[PDB]
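Shown next as structure tokens: one chain only, the form solved without this ligand.
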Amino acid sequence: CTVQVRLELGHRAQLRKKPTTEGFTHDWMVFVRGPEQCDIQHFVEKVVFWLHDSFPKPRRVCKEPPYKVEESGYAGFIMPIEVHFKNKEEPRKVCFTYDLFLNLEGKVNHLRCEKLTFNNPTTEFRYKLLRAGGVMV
């Protein structure tokens, strides 16, 4: 028994008409979502976004959708992202290192698809997966 499920990581970034008081030139938003008509909440406990030091409260947690962070700033950066599962056995989470890159001349619309694979899920975990659009192989 093996179920595969699809995650979408992505971000949008726009240059601001006029900057902020601190000289923040960009507004951006980073997210974890399922593909069209898949609610990943059925198996995702929470998403952890590890923001850069310069941010107040760098460890940003979303326990329910939308799994997202919206901030402003002047520069892009590398960002660890952790997706925790509603799962009482290993693996209980997965990590990606996300590059939030900015366009200094305009907008950025970026999407990135990751396919998780669960070998021999339990009876209760296996729907959480199938409820969320999972597929058996």
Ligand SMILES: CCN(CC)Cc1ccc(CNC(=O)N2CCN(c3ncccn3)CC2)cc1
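The numbering used is simple: start at 1 and walk along the sequence shown.
State which stretch shows the higher mean Cα B factor in the entry: 38-46 or 93-101. In the deposited entry, the stretch with the higher C-alpha B-factor mean is 38-46.
Looking at 84, 112, 60, 88, which has the highest CA B-factor as recorded? Highest CA B-factor of the listed options: 88.
For the chain shown, is the CA B-factor of residue 70 in the lowest, middle or highest third of its modelled residues? Within its chain, residue 70 is a lowest-third residue by C-alpha B-factor, going by the deposited values.
Assigned third (lowest, middle, highest) for the C-alpha B factor of residue 80: CA B-factor rank for residue 80: lowest third.
Taking only the Cα B-factors deposited for this chain, tell me whether residue 128 sits in the lowest, middle or highest third. Ranked within chain, residue 128 CA B lands in the middle tercile.
Position of residue 9 among the chain's modelled residues by C-alpha B-factor, lowest, middle or highest third: Tercile = lowest for this residue's CA B-factor.
Below, we turn to the form deposited with this ligand bound, even though it does not appear here.
Note which of 75, 95, 61, 111 lies within 4.5 Å of this ligand in the bound PDB entry, where distance is taken over heavy atoms; exactly one does. Result of the distance check: 75.
Can you work out which of 42, 68, 52, 84 has a heavy atom no more than 4.5 Å from this ligand in the bound PDB entry? The residue from 42, 68, 52, 84 that makes the contact is 52.
If we define contact as a non-hydrogen atom of the residue within 4.5 angstroms of the partner, is residue 127 a contact of this ligand in the bound PDB entry? Heavy-atom contact with this ligand at 4.5 Å: absent for residue 127.
Within 17-52, which residues come within 4.5 Å of this ligand in the bound PDB entry, counting heavy atoms only? Heavy-atom contacts within 4.5 Å come from 22, 24, 52.
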